[PDB]
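Here we start with a single chain on its own, the form deposited in one PDB entry, put down as structure tokens.
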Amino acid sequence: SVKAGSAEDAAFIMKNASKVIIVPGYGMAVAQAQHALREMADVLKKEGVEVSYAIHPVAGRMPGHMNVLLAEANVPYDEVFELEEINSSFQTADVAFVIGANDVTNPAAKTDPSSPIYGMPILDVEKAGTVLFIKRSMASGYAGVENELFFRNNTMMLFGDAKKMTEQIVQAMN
């Protein structure tokens, strides 16, 4: 039972929010969705919404994969945060906008001893109000394991390409 959603659904969620923590991962890089993501960040900020980026240490397929791609899109450095700086803020975050990330958020790291990723610190996106996952399918990330966060009522799956879906969200907003 996955709670699937559209671009217009994700538009309402974040339009009517105070604080939004963007969680980018490998899928954003593949789609090359950086400029649409930073453009989306501008329209949120335009109507008073607090925006910040949460870069997991192993996000992507190389150290600092998200940082170089976000620098290409001209996100300010003072909006970008490491895991230890920002993890506390998920409690006060209305939305965790998870764009092309998976293993970065997976609570099998903490809750599941038998998991291969057990012991790695993760971003606590589940503690946010609504978790938005952008990804093309129900396929797993690099570690090859399921994410239980997909199957819960505070989470919405947004099935599509990360560049196209983010562009669709920006058009659904004004």
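Shifts are known only where both forms have a C-alpha. All residue numbers are counted from 1 along the displayed sequence. Each form is matched to the other, and the largest set of C-alpha atoms that superpose within 1.5 Å is called the rigid core.
This protein has a second form, the form deposited in another entry, left out of what is shown; the following refers to that one.
Chemist: Among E50, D112, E126, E146, which is the residue that shifts its C-alpha 2 Å or more between the shown form and the other one, core superposed?
Modeler: By this measure, the answer is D112.
Chemist: In that other deposited form, do the Cα atoms of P116 and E148 sit closer or farther apart than here, given a shift of 3 Å or more?
Modeler: They are farther apart; the C-alpha distance rises by 3 Å or more in that other deposited form.
Chemist: Using the form shown as baseline, tell whether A143 and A109 are closer or farther in Cα-Cα distance in that other deposited form, where the change reaches 3 Å or more.
Modeler: Closer in that other deposited form, by 3 Å or more.
Chemist: Could you point out the stretches of 3 or more consecutive residues whose C-alpha atoms all move by 2 Å or more between the shown form and the other one when the rigid core is superposed?
Modeler: This is the sole shifted run between the shown form and the other one: 107-120.
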